[PDB]
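Participant: One structure coming up, written as C-alpha cells, with questions to follow.
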Ligand SMILES: Cc1cc2nc3c(=O)[nH]c(=O)nc-3n(C[C@H](O)[C@H](O)[C@H](O)COP(=O)(O)O)c2cc1C
Ligand SMILES: Cc1cc2nc3c(=O)[nH]c(=O)nc-3n(C[C@H](O)[C@H](O)[C@H](O)COP(=O)(O)O)c2cc1C
Ligand SMILES: Cc1cc2nc3c(=O)[nH]c(=O)nc-3n(C[C@H](O)[C@H](O)[C@H](O)COP(=O)(O)O)c2cc1C
Ligand SMILES: Cc1cc2nc3c(=O)[nH]c(=O)nc-3n(C[C@H](O)[C@H](O)[C@H](O)COP(=O)(O)O)c2cc1C
Ligand SMILES: O=C(O)C(=O)c1ccccc1
Ligand SMILES: O=C(O)C(=O)c1ccccc1
Ligand SMILES: O=C(O)C(=O)c1ccccc1
Ligand SMILES: O=C(O)C(=O)c1ccccc1
Ligand SMILES: O=C(O)C(=O)c1ccccc1
Ligand SMILES: O=C(O)C(=O)c1ccccc1
Ligand SMILES: O=C(O)C(=O)c1ccccc1
Ligand SMILES: O=C(O)C(=O)c1ccccc1
Ligand SMILES: [Mg+2]
Ligand SMILES: [Mg+2]
Ligand SMILES: [Mg+2]
Ligand SMILES: [Mg+2]
C-alpha cells in the first residue's frame, strides 16, 4: 500500500538505523542545495493541453540506443547493501523488470559483473581513479560486462562535507565493502577525453550545471549530460539542476541527451522536468527508501507507482508521448 | 449568521462524515494545484478608482443570452446528495431564487430533467461518453429540458489521482447514484465539433489553461471557455486558471466569454477575477459547504452573502457595472 | 519607557476593552490589505548615503503654507473618546506641542471648534454628507475655526465590511457621539469641485491609489493627495499606498503634495516613504495606542519617539533635510 | 569539535552573560537589516564549473600590499574584552597564526600598540574624533605601530539605536575601557581627504552602500571600500551589502579593492561573495563567538574551519584561485 513516494520515506525512516538514514537523506553544509532541489520543482507549474488524441499514450523513450519504459533511470547510489542485504541486486532486478535503466556504481557493494549479470541493459557510473590505467580498466570491465553507457561523475573532485555524517561519526560497517576493488583523483577534461577514446559506449557527464560546461561536454563528444547538483551533497549553495535545465537544453540544441536529477518525487515531477526539456530524469533517494522498506518488491512497487503517475500526468497534460511532453510550456509560481 | 465563506466551511466540517469532507476538499497528488489556486488569488491586488457615480450600481451581467444577477454561476459538482438529502434540488432552487445560473452535472445524483424543472435557466455539464451517440443523446436531453448552455468539461480524459480518497478507500454510498443513467472516453476536438454540430446552445469548454487552446476553442465555435485547473483535482502541478486568465482574455480578444474558477471565496475574489478580464466566475466547494451546513437555506445565505460582497467590492473600487470592473488594473504583491 | 511604537500597542492591548481594540486594529474582509501595508513597507530597503554634512540636520517641512516639525501628521481617526476620556483634545494638545498637524474628523467625538481652539494649526477631514449645502457648511465651520486644509476622504462611498466588528456586534457606546452633529452620500468629482469652489484652503484628497486618479486630482485643483488604502478598512484587496507611491509621485511631477499612509510604525518607515517620494506621512493606529495607553502624555511620548527615530534615520542615511531624503534610492528585497 | 560556525554561536550563548550576548548579536530598530544580511546570502546560488585543474588550489590573495591566507579579514569589533579576558590579544594572535588580517579598533579594550606588537600585519579601524588633529594622531599612532591599512568607518555619523541594549540598560563594565584613550564627530569627505593626505597607507572606506559613494571613494583616493550595512546595527532598513556588491564592483571597474561584510557564516558564503565580485570579506560576530567559547584556541579553530570550508567550496566550484572564483556566475533563487 503506497500511493505516493512519501509513503516509502516514512517506511524507510522506520526500519533504518538513524546514522544510515542520515547518510542517505543528508546534504553538504547547511543543506541549502538539498532543500532548493525541492523548492525549485515546487515553483514550476505545467500548462497542460486539452482534447488531444490519447488512444496510444506511451511513456517509452529511446536513449543511448535502447528503449526504456519510462523517461527515468535509477541514479547511481553507492553502497546499497547499507539499506538492504540484497543491496544492488534487489534494485537492479526490479529495474530490469520495470524496463528502467539501472546505474551500477564504481563504489557498489556488489561487483559490477554480478549486477550486470542480472540483465536489463545497465549503465556504469565512473569515479576517476588515481591513475588513468586503472580508471580505464574499470571502464573496460563495465563494457565487457554489457553496460551500455558510462556515466562519468564530474562534480566530485573530492567528496562534499556532509555534517550529519561528521556529527554521527558515520563510517562503513565492516559488512559493507567496495566490491569492485581488492586512490581517487579529480577528473578533468583530459580524463573525459581518455574515456571517450577508450570506449565505443556513450559517455554521459553527470554533475553539469554551467551552460558553457554543457556546451563543452557536447564539443568533447559526450552522448549525454546529467544536469545535477549531486542531490545537494557536493557544493552547498550550488544551484539546483532544474533551475539550469531550460538554459542548458537551449544551449546544446539537440547535440546530446540532457538528463536532470535532484528531488524528483512523483510522476508530476517527471512531467515538469520533461516540460523544461529533459530527455529523462534520474531518481536516487526514493529508490533507496523502497529498497530499505521492502527490498526488491519495494523497488518494484515504487517503479510501478512512478509508472502510473507518469502516465497519469502525461495524459492529463494532453501528451501521448514524451516528445509531446517536452513541448509543454511552464510558468513559475510562488511557494 | 455567516459573514464570510469561511464560516460555512467550518460548519460543513462539523456535519459531514470525514471521508465525504475529504472527497469535497481534496485535490490530486500533493495538492499543489489546489493550494496554488488560493495563493495565486492572494497575490493579486486591485487598484480601485474613486469619486465615480455609484447611483445605479448593478452586479448584473448578460451571458449566453440571459441576464444573471451576479457575474457568477454554480460550478458543476457531481453527486450533491453526498452533502445533503435534497442534493441538487436544494442547490438549484437557491440558485434560481438568487438569479444565478446552476450547472447540472452529467454525474448528478438527481436526474437532469428534475433539476431543470426547478426553473431558473440552468446549464448542463457534459462528460464525454463511450460512444458519440449516447453523448449526443445527453446533450439533446439537456436541451429538451430547457438547459441554456452546454458546459463541456475538457480537462478530464480520465479522473485525477485523489490520494485522500485512496487512503480513505472512499466510494459512493449505495444511496447515491448517477441519476442520469440506468463508459466514459477521453474527449477530443472532434468531440467538441460533434457537440457544436448537434446543438444550437452555446458550447462552453471548461478546463482550458493554454493560450493556444483558448484560441482554438474560439476557432472551434465555442461560445465560452472556463479557465480552470479543475479545483486542483486533475493534473497536480497544473497552473492556476487565475494565472493564465489575463493572457487568455487578451488572446481571444472578445471572441467568446471567458470564465474562471478555482478558489473564489469572496466578493473581493470575484472583483479580482473581473479585473483580470473574466466575464464571470464559477464557485464550487463553498456552495457545497453551504448545502452541507443548512441545505437550501444555507445555499441561499451563501449567495446573499456573495451578492453583498460583490456589490461592496465593486462600489469601493468605483465600479457601477461589471464592465467597469473589467477595466480595473491590478498589481501583483507578495504573500 | 517606550523605545518603539510596538511597546505602545502592547500597552493599549492591556487597557482597552477587546471590542474597542478590535474596532481600532481591524480591517475589512480577510484583512489582506491591512497585512499588505506592513508587508509592502518591510520589502523596501533604503540605500543610505555617507560622509555628508550633518551639522544642521532638520526634520522640518513646509506644507500647505505652514512649517511642520516632522514630515508627519496625525491621521483622521473617528471617535477618539473610544480610547481615552479626553479623546481628541488629548491628541490635538500633544500634536500641537510636538509641532505636528492634527486632522480633525467629521466624526469627531469632540466638536471641531473645541479641538481647533487647542491651537496648533489643525486640518479638517471631510466625509461627504447627504446634501451639498450641509457638506459645505461643515467646510465653512472648519475654515472659520482656523483649520488650514480640508482633507476630503474619497475612498468611502460607504464604509467597508469590518468582520471583527460584525462578529463582536460592535456599536458606539452611548457615551460617545458624533459631536459635530445634532445622512452620508458617496462623494464624486463634482463634490470635489463644490468644495474647491467654496474654500480658499488647500483641498487634499485622501484615499487615492490609481495613477490616473492622482493626475485627475491635480487637474481638479487639489493641493495634495494621500496615497492610501484606508488602513485596509475599505476595499479588502486594495493595493497598499506605499506600492503605488513612486508611480504616483512621478505622474503628478510636483503638481501637488503627495502624502502616504498605512502601516507607518517607525522613523525608518517615514524615511522609506520619503525615499519613495512622499512629502509627508499620516500615522493613525499608533497615535490611538499612545492615547489609550497614557492619554495626552502618551501621545507626547510617541511623537517624541518618532521625532528621534526620524532624525536618527535621516542622519544615518546622510540626509540633512527631508528634501535630501526624497532623493535617496531604494531597493526591493524579500520578506 | 566544531564542524560549522553555528556550533560556536551555541557555545558562546552558553557562556556569555545575556546582556553581553545581546550587545554582540543585536541590530538597530526592528533588526530588519540584520536579518536581511542572512536572507540576501541565502538567496544567492553559485553555478559551479567542473573538470578544471585543481592540482594547486590556493585560497591566498594579495591585498593592500600583503599576502593573506584566505580572502578574509577579522572585522573591527569594539571592546573584545567583553567576550574573553584576553580580548583583542587572543583574537590577533589567532589571526596572525592563520595568516588572516586583523582589524584593530579605535575603541579597542587593549591599546593598538599592544595589539600591533602581536605581529601578523594588522589593519587599523578609525572612528573620526572631535578635532582633526586627534583623529590624525590616531592614524599616525597606527602607522608608527606597523598597521598596514586604515579602515575608516564611514557609516557612523553617530551610533545606531540598538533596542536590545536599551531594554537591557546595557553599559560597559567598569573592567572594560577604551584603551587607546586617557568626543566623536561625524566624518565627511573632507575628513577622508585629511586622512588620505596624512598617510601613505591605503585608506579603506567601510560602510559604503550607494554606487555613487563607491565611485566617489575611488575618486577620493581610497585603496578599498567595504560594502556593508554595519551588521544591521546602524540604519535599520539599510540594504544588505551583498545586494549592492555586484553593482558596485561593476561601477568601480577595478579602481579599488571591494570587500563585503554582513552575515558571512561559512566558506560557501565566502565563495558567494567572491562570485559576486568581492576581493575579500570581513567576518565579525562569528570571531567573537569563537573568542567567547574558547579564547585564542577557539578563534584558531574557527579560522581553521573557515579555511577548510573555503578550500572545499572553491574546489567543488572548479576554482584553483580566488580570481577564478570571482569569474563564477550566480543565480538568485527563493528562500
Ligand atoms: C547515499 C547517496 C549515495 C550517492 N552515491 C553516488 C555515487 O556513488 N555516484 C554518483 O554519481 N552520485 C551519487 N549520488 C548522487 C545521486 O546519483 C543523485 O545525483 C542524487 O541523489 C540526487 O537525486 P535524488 O534527490 O533523487 O536523491 C549519491 C546520492 C546519495 C543520496
Ligand atoms: C467534489 C467535486 C466534484 C466535482 N465534480 C465536477 C464535475 O462533475 N464536472 C466538472 O466539470 N467539474 C467538477 N468539479 C470541479 C468544479 O466544477 C470546479 O472546477 C472546482 O471545484 C474549482 O472550484 P472551487 O475552488 O470553487 O471548488 C468538481 C469539484 C469538486 C470539489
Ligand atoms: C479606528 C479608525 C478610524 C478611522 N477613521 C477615519 C475617518 O474618520 N476618516 C478617514 O479619512 N480615515 C479614517 N481612518 C483611516 C486613517 O485615517 C488611516 O488612513 C489608516 O488608519 C491607515 O493608517 P495606520 O496604519 O497608520 O492606521 C480610520 C482608521 C481607524 C483605524
Ligand atoms: C559588537 C560589535 C561591535 C562592532 N564594532 C565596530 C567598530 O568598532 N567599528 C566598525 O567599523 N564596525 C564595528 N562593528 C561592525 C563589524 O565590523 C561588521 O561590519 C558587522 O559585524 C557585520 O559583520 P558580521 O555579520 O560578520 O558580524 C561591530 C559589530 C559588532 C557586532
Ligand atoms: O557520491 C555521493 O553522493 C556520496 O554519498 C558518497 C559518499 C561516500 C562514498 C560514496 C558516495
Ligand atoms: O577523497 C575523497 O573525497 C574520496 O571519497 C573520493 C571519492 C570519489 C571521487 C573523488 C574522491
Ligand atoms: O469531476 C470531479 O472534479 C471529481 O470530483 C469527480 C469524481 C468522481 C465522480 C465525479 C466527479
Ligand atoms: O475512468 C474515469 O476516470 C471516469 O471516472 C471518468 C469520468 C468522467 C470523465 C472521464 C472519465
Ligand atoms: O473611517 C474609518 O476608517 C472607520 O473606522 C469608521 C467607522 C465608523 C465610523 C467612522 C469611521
Ligand atoms: O453608510 C455608511 O457606510 C456610513 O457609515 C458612511 C460614513 C462615512 C462616509 C460614507 C458613509
Ligand atoms: O560600532 C558598532 O558596531 C557598535 O557595536 C559599537 C557600539 C558601542 C561602542 C563601539 C561600537
Ligand atoms: O555619539 C555617538 O553615537 C558615539 O558613540 C560615536 C561613536 C563612534 C562614532 C561616532 C559616534
Ligand atoms: Mg531526482
Ligand atoms: Mg472558484
Ligand atoms: Mg500610517
Ligand atoms: Mg560578515
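Participant: Scan the range C:179-187 and give yes if some residue there is under 27 Å from residue C:255 (Cα atoms), away from ligand 5 (no atom under 16 Å from the Cβ) and within 14 Å of chain B (Cβ to nearest Cβ), otherwise no.
Facilitator: Within the range C:179-187 (the criterion being under 27 Å from residue C:255 (Cα atoms), away from ligand 5 (no atom under 16 Å from the Cβ) and within 14 Å of chain B (Cβ to nearest Cβ)), the answer is yes, since at least one residue qualifies.
Participant: For residues in the range C:322-335 being in contact with a strand residue (DSSP E or B) (Cβ under 9 Å, 6 or more places away or on another chain) and either over 22 Å from residue C:63 (Cα atoms) or more than 13 Å from every other protein chain (Cβ to nearest Cβ) (or both), which is surrounded by the most Cβ atoms within 10 Å (Cβ to Cβ)?
Facilitator: Per the criteria, the residue is C:322.
Participant: In the set A:228, A:191, A:253, which member is more than 18 Å from the chain's Cα centre (by Cα) and within 24 Å of residue A:28 (Cβ to Cβ)?
Facilitator: The unique qualifying residue is A:191.
Participant: Does any residue in the range D:199-212 that is at positive phi come within less than 8 Å, Cβ to Cβ, of a residue that is outside any strand (DSSP E or B) six or more places away or on a different chain, and which pairs are these?
Facilitator: D:207/C:50; D:207/D:154; D:207/D:155; D:207/D:156; D:207/D:228; D:207/D:229; D:207/D:230; D:207/D:234
Participant: Give me the residue from the range D:22-48 that is away from chain A (no Cβ under 12 Å) and within 30 Å of residue A:212 (Cα to Cα) and, out of that set, surrounded by the fewest Cβ atoms within 10 Å (Cβ to Cβ).
Facilitator: For the range D:22-48, the residue satisfying everything is D:39.
Participant: Just the residues that are crowded, with 18+ Cβ neighbours inside 10 Å and in a loop (DSSP other than H, G, I, E, B), please, taken from the range C:177-194.
Facilitator: Result: C:179, C:180, C:186, C:187, C:188.
Participant: Then there's this: Let me confirm something: among A:51, A:5, which residue is facing chain B (nearest Cβ under 9 Å) and under 28 Å from residue B:162 (Cα atoms)?
Facilitator: Result: A:51 is the single residue among A:51, A:5 that is facing chain B (nearest Cβ under 9 Å) and under 28 Å from residue B:162 (Cα atoms).
Participant: Select from the range B:90-111 the residues that are surrounded by fewer than 24 Cβ atoms within 10 Å (Cβ to Cβ) and part of a helix (DSSP H, G or I) and write down the one among them that is nearest to ligand 14 (Cβ to nearest atom).
Facilitator: Here the answer is B:98.
Participant: Sort out for me the strands (runs of 3 or more DSSP E) sitting completely within the range C:39-89 that have 3 or more residues that are more than 14 Å from ligand 3 (Cβ to nearest atom).
Facilitator: Here the list reads C:44-47, C:61-63, C:66-68.
Participant: While we're here: Only residues that are within 16 Å of ligand 8 (Cβ to nearest atom) and away from chain A (no Cβ under 13 Å): list them for the range B:137-171, please.
Facilitator: Selection gives B:138, B:139, B:150, B:151, B:171.
Participant: If you take the residues in the range A:129-158 that are under 18 Å from the mean Cα position of the chain (by Cα) and part of a loop (DSSP other than H, G, I, E, B), which one is surrounded by the most Cβ atoms within 10 Å (Cβ to Cβ)?
Facilitator: A:154
Participant: On the basis of being surrounded by fewer than 23 Cβ atoms within 10 Å (Cβ to Cβ), within 14 Å of chain D (Cβ to nearest Cβ) and in a helix (DSSP H, G or I), does residue C:19 make the cut?
Facilitator: Judged against the criteria, residue C:19 is not a match.
Virtual Cβ from ideal backbone geometry, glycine too; neighbours counted across all protein chains shown. Read-outs throughout are calculated quantities, based only on the coordinates presented, and are distinct from any laboratory measurement.
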